[PDB]
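Asker: Adding 10 to a residue's 1-based position in the sequence shown gives its number in the entry's author numbering.
Here you go, one structure.
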Amino acid sequence: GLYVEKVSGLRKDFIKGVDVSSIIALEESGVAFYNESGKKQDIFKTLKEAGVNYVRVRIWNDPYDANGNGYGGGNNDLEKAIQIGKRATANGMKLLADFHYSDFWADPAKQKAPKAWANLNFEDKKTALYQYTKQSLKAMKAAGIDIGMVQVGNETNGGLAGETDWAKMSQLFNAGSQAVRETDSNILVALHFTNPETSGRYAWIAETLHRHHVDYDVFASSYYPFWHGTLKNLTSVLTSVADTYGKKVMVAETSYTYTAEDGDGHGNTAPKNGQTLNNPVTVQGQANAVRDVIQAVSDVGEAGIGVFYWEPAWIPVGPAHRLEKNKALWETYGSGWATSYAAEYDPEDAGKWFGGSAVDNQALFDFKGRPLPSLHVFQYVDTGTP
Ligand SMILES: OC[C@H]1O[C@@H](O[C@@H]2[C@H](O)[C@@H](O)[C@H](O[C@@H]3[C@H](O)[C@@H](O)[C@H](O)O[C@@H]3CO)O[C@@H]2CO)[C@H](O)[C@@H](O)[C@H]1O
Ligand SMILES: OC[C@H]1O[C@@H](O[C@@H]2[C@H](O)[C@@H](O)[C@H](O)O[C@@H]2CO)[C@H](O)[C@@H](O)[C@H]1O
Ligand SMILES: [Ca+2]
């Protein structure tokens, strides 16, 4: 049934990644994944056959309260990162370590310093950040994980580790970069930003990064069609950065809704009134969207290295009608986007929105763990559907 129009000019080594950080918590919650045939199968093996060649994983310093209760959102710490990294490498896929440098979600509004760095003077925090990055990468190498890229920060549009001054942020960027550089020259260092639709933003950030001598290789951007403007603009701002600063560029996060139904009982992020939905909310629509982001990045030219689909398997732990029975699992295994336990660290957001998955309707797997036909977009962009 599916239809993918061949992406013209797509390079043969283009990165096709997925971020399945929630996978560990979900498997402990009892969630299972299958394959085309319908037999339980490691999701990392299903991803590999689908043509995925990269795995991104978010890493929070200490996503737990004093007693050890996970903040949820996958409770993604270094330990789960190694778990994910091993499976990713055991399935022939490189890893993208995404350091949030925070104990929980880091985005344009949230860049809270880790509890341990809470009150360290700037000099010590910079050292801690370096040490942390250094130690984490080393532990990963020890596990035999094939690290291809490291993200120093996540959507650091306005801050990083409690810091909001770009002069200080840049020093933190270099601190992390420094660790990567010392770990392996071949690892690509990427900085991640979002909101490309914002007039001049990326151009300003790239210039600022340049003026403060930040050493990085990839200028990464998020791209969620329902908020981040046109694909024409995306290609345009990423090409500027590429040409003007000689950096590689890519989309570190992207997805689309394949259905308007909520599968676990926790209101989803999309689709919503006011959101731009240029593709029908269906499996084909979803495939179209992914296919077009890949095209948009590929159109940048030699600088456009790839695209990472964000959370293609954060499916429900149970049907929406079992909301209460679900809340239990989310709270126990942190398999939802956040647990009540995170209120202490982020009372403003997580504090009053904690629960389950907010993106199950954007997975490339159905609510029951079966892969949707859209999952084959990764393969088809090279040839197209016959
Ligand atoms: O559940 C329906 C409601 O969800 C609200 O979203 C909440 C937070 O405001 C939102 O930030 C959070 O998103 C998580 C994280 O903060 C974000 O950086 C990351 O990209 O996604 C995470 C979850 O996918 O999600 C919670 C719960 O959804 C909306 O603000 C509200 O309008 C309504 O949609
Ligand atoms: O899932 C989080 C989502 O946040 C987006 O940023 C929004 C908004 O679009 C911005 O204009 C605003 O400054 O910050 C909020 C988040 O608090 C971001 O663009 C997406 O990529 C995601 O990170
Ligand atoms: Ca949901």
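Backbone N, C-alpha and C define an ideal beta-carbon position, used for all residues, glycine too.
Rounded to whole angstroms, how far is the Cβ of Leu36 from the Cβ of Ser345, which I believe are closer than 8 Å?
Answerer: Correct: roughly 5 Å between the Cβ atoms.
Asker: What runs of the alpha helix (DSSP H), each 4 residues or longer, lie entirely inside the region 159 to 242?
Answerer: Within the region 159 to 242, the complete alpha helix (DSSP H) runs of at least 4 residues are 176 to 193 and 211 to 221.
Asker: Using 8 Å as the Cβ pair cut-off and three pairs as the minimum, do the region 147 to 161 and the region 105 to 120 touch?
Answerer: Verdict: yes, contact present.
Asker: So what does DSSP say about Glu354, is it helix, strand or coil?
Answerer: Helix, per DSSP.
Asker: Assuming the contact rule is C-beta atoms closer than 8 Å, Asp23 and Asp72 should be a hit. Round their C-beta distance to whole Å, please.
Answerer: With 8 Å as the limit, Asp23 and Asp72 do not qualify as a contact, their Cβ atoms being about 36 Å apart.
Asker: According to the neighbour-count rule (16 or more other Cβ atoms, all chains shown, within 10 Å of its Cβ), is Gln285 buried or exposed?
Answerer: That one is exposed.
Asker: With a floor of 4 residues, list each alpha helix (DSSP H) that falls wholly inside the region 295 to 350, ordered by position along the chain.
Answerer: Complete alpha helix (DSSP H) runs here, min 4: 333 to 343.
Asker: Could you tell me how far apart the beta carbons of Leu241 and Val303 are, in whole angstroms, since I believe they sit closer than 8 Å?
Answerer: Going by Cβ atoms, the distance from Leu241 to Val303 rounds to 7 Å, so yes, they are a contact pair.
Asker: Could you name the residues whose beta carbon sits closer than 6 Å to any heavy atom belonging to ligand 2, keeping them in chain order?
Answerer: Matched residues: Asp117, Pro118, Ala119, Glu165, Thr204, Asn205, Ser232, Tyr234 and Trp237.
Asker: Going by alpha carbons, who is nearest to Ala116 out of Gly83, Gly256 and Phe132?
Answerer: With distances taken between Cα atoms, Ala116 lies closest to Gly83.
Asker: By DSSP's criteria, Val369 is part of a beta bridge. Which residues make up the other side?
Answerer: Paired residue(s): none; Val369 is not in a bridge.
Asker: According to DSSP, is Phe388 helix, strand or coil?
Answerer: Residue state, collapsed to three classes: helix.
Asker: In the structure shown, what three-state DSSP assignment does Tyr142 receive?
Answerer: Reduced to three states, the DSSP call for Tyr142 is helix.
Asker: Output the distance between the C-alpha atoms of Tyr142 and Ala149, rounded to the nearest integer angstrom.
Answerer: If I take the Cα positions, the gap works out to 11 Å.
Asker: Would you report the Cα separation of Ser384 and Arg301, rounded to the nearest angstrom?
Answerer: Those two C-alpha atoms are separated by around 10 Å.
Asker: If we ignore side chains and look at the alpha-carbon of each, how far apart do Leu170 and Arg68 end up?
Answerer: Going by the C-alpha atoms only, they are around 15 Å apart.
Asker: Nearest CA to the CA of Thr269: which residue from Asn289, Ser31 and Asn85?
Answerer: If we check each option's Cα against that of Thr269, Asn289 comes out closest.
Asker: Give me the pocket residues for ligand 1, defined as CB within less than 6 Å of any heavy atom, sorted by chain position.
Answerer: In chain order, the hits are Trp115, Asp117, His276, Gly277, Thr279, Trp347, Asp359, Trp363, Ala368 and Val369.
Asker: Leaving out the 5 sequence neighbours to the left and right, which residues in its chain are closer than 6 Å to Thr249 when beta-carbon positions are compared?
Answerer: Excluding residues within five positions, the ones whose Cβ falls inside 6 Å are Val310.
Asker: According to DSSP, is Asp29 part of a helix, a strand, or is it coil?
Answerer: Here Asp29 sits in strand by DSSP.
Asker: Keeping to the same chain, check which residues put their C-beta closer than 6 Å to that of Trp347; ignore five residues upstream and five downstream.
Answerer: Answer for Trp347: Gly83 and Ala368, listed in chain order.
Asker: Quick check on this structure: which residue in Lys58, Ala42, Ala138 and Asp29 has the alpha carbon closest to the alpha carbon of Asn86?
Answerer: Among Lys58, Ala42, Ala138 and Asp29, the Cα nearest to that of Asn86 is on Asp29.
Asker: Can you tell me where the alpha helix (DSSP H) holding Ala91 begins and where it ends?
Answerer: Run containing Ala91: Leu88 to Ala100, per the alpha helix (DSSP H) assignment.
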